[PDB]
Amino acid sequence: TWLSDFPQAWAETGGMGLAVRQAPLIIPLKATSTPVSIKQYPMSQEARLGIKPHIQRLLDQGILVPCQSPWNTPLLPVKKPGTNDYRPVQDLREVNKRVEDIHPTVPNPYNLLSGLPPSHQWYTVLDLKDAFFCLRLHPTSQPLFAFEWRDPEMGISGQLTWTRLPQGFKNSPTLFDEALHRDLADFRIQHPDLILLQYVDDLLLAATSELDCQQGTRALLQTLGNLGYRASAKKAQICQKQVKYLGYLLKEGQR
């Protein structure tokens, strides 16, 4: 019963995360960049109704806030089944083009897995839920990611923007990976024998025995919850001799 021993560490019982040790992120623009305001293609009522609940939840969570900004990018209505179940997808390409590039430090999965000794079996896989949203954005950088929002009848101001690292931003994966590495540096030091692989929001903890793995997992969960991150109890693979990680099936003294 891990879900009961670590309420704060699971997305299902700890609530939306927030990396309390990480200073709000400032996003540097290229030297010649100037704000770009792209028109919002009219959205059908169907798409708008499908997206609305997600927008309201984000507003309730403080992840989205009203704003007036010289920047504006289009929101897209993306479905999955056939025409049901929507979710907001922002096209941040014009913003991405104006943000200064950073070095891509996230290792490719092939290389990351090479750091797994055959001696370390007993794997634990955790995926952090709404990872990017756990990282706050400095108020000065928030206007950059604004988009327009119109509600059927009674509609909010006009524009809304993110107060957390957003989806669709070219540097989110890298900034998150680096931030979590900083937050988990001490854990690595306090658990010299454990193996910890990080691929943005996908974590793999490897141990020598089932005991060390259960001990390590308890410690990692406690630490993650403490720092403000949240793992998915639903998808969590705890102390298994076999697990799925980054598209691979780790089994028998390997990976």
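Rigid core here is just the name for the largest C-alpha set that superposes within 1.5 Å across the two forms. Note that residue numbering follows the sequence shown and begins at 1.
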After a rigid core fit, does 196-204 or 41-49 show more C-alpha displacement in 9 other deposited structures of this protein?
41-49
Please work out whether 176-184 or 100-108 has the higher root mean square C-alpha deviation in 9 other deposited structures of this protein relative to the shown form, with the rigid core as fitting region?
100-108
Does a third or more of the other compared entries skip modelling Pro77?
no
Greater mean Cα temperature factor according to the PDB record, 99-107 or 86-94:
86-94
Higher-B stretch (mean Cα B-factor, as the entry records it), 240-248 or 13-21
240-248
Tell me which of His181, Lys129, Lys170, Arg150 tops the list for C-alpha B factor in the record.
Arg150
Among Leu175, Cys134, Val78, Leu144, single out the one with the highest C-alpha B factor in the record, please.
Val78
Entry-reported C-alpha B-factor of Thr140 relative to its chain, by third, is lowest
Chain-relative CA temperature factor third for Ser157
highest
Taking the values exactly as deposited, rank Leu165 by C-alpha B-factor within its chain and report the matching third: lowest, middle or highest.
lowest
Lowest, middle or highest third of the chain for the C-alpha temperature factor of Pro28?
lowest
By the entry's values, the third containing the CA B factor of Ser44 is the middle
